[PDB]
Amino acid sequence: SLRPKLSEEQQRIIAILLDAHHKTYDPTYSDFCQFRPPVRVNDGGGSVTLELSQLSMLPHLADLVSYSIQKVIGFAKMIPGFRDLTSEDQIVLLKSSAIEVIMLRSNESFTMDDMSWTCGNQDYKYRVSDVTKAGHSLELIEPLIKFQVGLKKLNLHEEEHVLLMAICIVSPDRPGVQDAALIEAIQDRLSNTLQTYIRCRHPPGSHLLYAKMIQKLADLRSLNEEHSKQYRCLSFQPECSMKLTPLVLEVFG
C-alpha cells in the first residue's frame, strides 16, 4: 500500500551498487580471448565416460568462472557495509555465495532466443552440451536453465539485479559466519532498499515481484548444493586440478 520515497542513503546504496556492477561486469566480454580456448569434442551422445576422459570444455569454463569469481570479489568489496565485516566473515560469505552470484550475474549473457549464454561470438556461446563437456550433468544444467528463464521473465531493472546479488552475498544464514547479527543488519538495509525501490517503481506487482526475487535466492541454495556435489565428483578425475585454477580449487575445495 504505502510507497515511501527512497531515502538519500538508499539512493546512494543503489548508485554505489550500479557503479560497482558496471566496473566489474564487462558487457562486451572483451577478456574472453585471454581464457584457455574452448574445445568441443564430438559427444552428441552425452557420454559420461567420454566427457570425463576429455573434459574438453573445462579449462575454458574454469577460467571463465575463476575470472568471474575475481570480479564478484571486487563487486562484494564495494557493497556498502561489506567492509565493516571481519576479514574472516567476508571470506566465508564470498566462498559460500560465489557460485550463486555467478549464476545470477550470468543472466545478463543468457538469452531465451536459443536458451544459451552468448558472450559475443559463436566461440563464446555456451549451451547445455558445452557444460556437459566440462564434466557436469543434466541434474544441474537443466534446473539452471530453468532458473535462468524464470529470472529473465522477472524483467528486473538493473537496480533490482544488483541489489539481488548484494543480498545473496550478504546472507546471515551461511554456515560458518561469526557475526550473523551484523550481516543481517547489512542485509536488512539492502533488502529494505530493494523493497522500497520496487514499491515506488512498481505499483501494488511490487509485492509479487519481491516475493519472486526472494524465492530465487532459495532456488540458488539448491543449485549451489547440486553444483558442490557434482564438483566433488569432478575433482576425483585424475589431472582435473590442472584444468581448473588455484582460486577455483580453493573456493569449491
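One-based numbering along the sequence shown.
- Looking at the other PDB entries for this protein, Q195 is present in the model in all of those that include the residues around it, rather than absent from a third.
- Coordinates for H227 are present in every one of the other compared entries of this protein that model residues on both sides of it, well short of the third needed to count it as often missing.
- Gap check for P204 to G205: 1 to 3 deposited residues are absent from the model.
- Mean CA B-factor, 36 to 44 versus 192 to 200: the higher value falls on 36 to 44.
- Looking at mean Cα B-factors across 110 to 118 and 163 to 171, the upper value is held by 110 to 118.
- Per the deposited coordinates, the residue with the largest Cα temperature factor out of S137, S97, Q90, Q148 is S137.
- Among the modelled residues of its chain, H21 has a C-alpha B-factor that falls in the lowest third according to the deposited record.
- Ranked within its chain, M103 lands in the lowest third, by CA B factor from the PDB record.
- The entry lists a Cα temperature factor for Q11 that places it in the middle third of the chain's modelled residues.
- Ranked by C-alpha B-factor against the other modelled residues of its chain, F75 falls in the lowest third.
- Remark: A181 belongs to the middle third of its chain, ranked by C-alpha B-factor as recorded.
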